[PDB]
2 protein chains.
Amino acid sequence: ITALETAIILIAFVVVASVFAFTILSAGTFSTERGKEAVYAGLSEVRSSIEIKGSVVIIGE
Amino acid sequence: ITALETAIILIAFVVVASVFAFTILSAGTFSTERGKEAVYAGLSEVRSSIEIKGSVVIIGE
C-alpha cells in the first residue's frame, strides 16, 4: 500500500527533527550562559582602580 | 449410453479441483502471515534510536 509505506517514512523524519531540536535547545543554553559571563566580567575590571594618597618617603641607611 | 463413463470422468475432475483448492487455501495463509511479519519488524526498526546526553569525559592516568 502507499499507506503502509508512508507511516514508516513519516516516523523517521519526525525522530530526526526531534533529535536535532534537542541539540539546538542544549546548544543555545550554553552560548547564552557564556555571553552573560562576559558582561559580568567586563564591568569588574573597570571599577577596580587604586590611588596613591600622600607623599613618598625615603628612609636612608 | 455415455452416462456410465461420463459419471466416472466427472468424479475425477472434481477431486483434482478439491486438491488444488486445498493447496491454494493453505498456501495463501502462509503468505499472509509472512507478509504480516514484515510490517511489524519494519516499525520496530525505526523507533529504536539512542542519543547522547551531556558531555564526554576523559579520566587520565
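Refer to the structure presented above.
**Points about the environment of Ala12(A)**
Phase 1 of the analysis: Looking at where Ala12(A) falls in the secondary structure, it is placed in helix α1 (residues 2-46).
Phase 2 of the analysis: Once the C-alpha coordinates of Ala12(A) and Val57(A) are considered, the two residues, 45 residues apart in sequence, prove to be 81 Å apart.

**Remarks on the interface of chain A and chain B**
Phase 1 of the analysis: Taken together, the contact pairs five residues of chain A with seven residues of chain B.
Phase 2 of the analysis: Note on chain A versus chain B: buried area summed over both sides is about 600 Å², and carbon and sulfur give 83% of it.
Phase 3 of the analysis: Broken down residue by residue, the surface that chain A buries against chain B is led by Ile8(A), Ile11(A) and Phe22(A), which jointly contribute 66%.
Phase 4 of the analysis: Linking chain A with chain B are zero salt bridges, by the criterion used here.
Phase 5 of the analysis: Within the side of chain A that touches chain B, the residues separate by chemical class into five nonpolar, no polar and no charged.

**Structural notes on a nonpolar patch on the surface**
Phase 1 of the analysis: Together, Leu10(B), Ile11(B), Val14(B), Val15(B) and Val19(B) line one region of the surface with nonpolar side chains, adding up to about 450 Å² of accessible area.
Phase 2 of the analysis: With respect to the element layout, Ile11(B) can be found in helix α1 (residues 3-46).

Calculation criteria
- Residues numbered from 1 in each chain as written, not as in the entry; some residues may be left out.
- Chains lettered and ligands numbered in written order.
- Part of a larger assembly, values for the part shown.
- Heavy atoms only, no water.
- Helix = DSSP H or I, 4+ residues; strand = E, 2+ residues; numbered from the N terminus.
- Contact = heavy atoms within 4.5 Å.
- Buried area = accessible area lost by both parts, 1.4 Å probe.
- Salt bridge = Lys/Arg side-chain N within 4 Å of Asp/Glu carboxyl O.
- Nonpolar A, V, L, I, M, F, W, Y, C, P; charged D, E, K, R; others polar.
- Patch = residues over 30% accessible without salt bridge, like charges linked within 9 Å, V, L, I, M, F, W, Y side chains within 5 Å.
- Areas by Shrake-Rupley, 256 points an atom, 1.4 Å probe, with all protein chains shown as cover.

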